[PDB]
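Asks: Got structure_11.cif for you, mmCIF, C-alpha atoms; chains and numbers go by the auth columns:
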```cif
data_target
loop_
_atom_site.group_PDB
_atom_site.id
_atom_site.type_symbol
_atom_site.label_atom_id
_atom_site.label_comp_id
_atom_site.label_asym_id
_atom_site.label_seq_id
_atom_site.Cartn_x
_atom_site.Cartn_y
_atom_site.Cartn_z
_atom_site.B_iso_or_equiv
_atom_site.auth_seq_id
_atom_site.auth_asym_id
ATOM 1 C CA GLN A 1 -25.054 0.398 -5.988 0.00 1 F
ATOM 2 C CA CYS A 2 -25.320 2.172 -2.716 0.00 2 F
ATOM 3 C CA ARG A 3 -22.487 4.298 -1.319 0.00 3 F
ATOM 4 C CA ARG A 4 -22.575 7.072 1.327 0.00 4 F
ATOM 5 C CA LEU A 5 -21.751 10.677 0.337 0.00 5 F
ATOM 6 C CA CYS A 6 -21.682 13.841 2.509 0.00 6 F
ATOM 7 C CA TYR A 7 -22.682 17.337 1.480 0.00 7 F
ATOM 8 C CA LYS A 8 -19.762 19.034 3.303 0.00 8 F
ATOM 9 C CA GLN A 9 -21.848 19.138 6.517 0.00 9 F
ATOM 10 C CA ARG A 10 -24.561 16.615 5.714 0.00 10 F
ATOM 11 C CA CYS A 11 -24.227 12.898 5.027 0.00 11 F
ATOM 12 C CA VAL A 12 -26.630 10.765 2.986 0.00 12 F
ATOM 13 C CA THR A 13 -26.744 7.612 0.876 0.00 13 F
ATOM 14 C CA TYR A 14 -26.603 7.404 -2.910 0.00 14 F
ATOM 15 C CA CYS A 15 -27.953 4.223 -4.485 0.00 15 F
ATOM 16 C CA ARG A 16 -27.568 4.339 -8.227 0.00 16 F
ATOM 17 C CA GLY A 17 -29.992 2.912 -10.771 0.00 17 F
ATOM 18 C CA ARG A 18 -33.635 3.721 -11.641 0.00 18 F
#
```
Just dump the structure as structure tokens.
Replies:
Amino acid sequence: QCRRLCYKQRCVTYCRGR
């Protein structure tokens, strides 16, 4: 599934699966 995550300055989306 897709969730949003931030790299303590940056913010991106994480969609799991392959």
Asks: Can you translate the PyMOL selection byres ((chain F and resi 13) around 9) into the concrete residues it hits in this file, as number ranges by chain?
Replies: F: 2-6, 11-12, 14-15
Asks: Enumerate, as a tab-separated table (two decimals) with C-alpha atoms, in the coordinates of the input, the protein, DNA and RNA residues whose atoms approach (-23.7, -0.6, -10.4) to within 8 Å, taking into account only C-alpha atoms and the coordinate frame of the file.
Replies:
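What ended up in out30.tsv:
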```tsv
chain	number	residue	atom	x	y	z
F	1	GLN	CA	-25.05	0.40	-5.99
F	16	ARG	CA	-27.57	4.34	-8.23
F	17	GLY	CA	-29.99	2.91	-10.77
```
Asks: Taking all atoms of stretch 8-15 of chain F that appear in the file, build a box with edges along x, y and z, extend it by 3 Å on every side, and state its centre and edge lengths in Å to one decimal, as AutoDock Vina command-line options.
Replies:
```
--center_x -23.9 --center_y 11.7 --center_z 1.0 --size_x 14.2 --size_y 20.9 --size_z 17.0
```
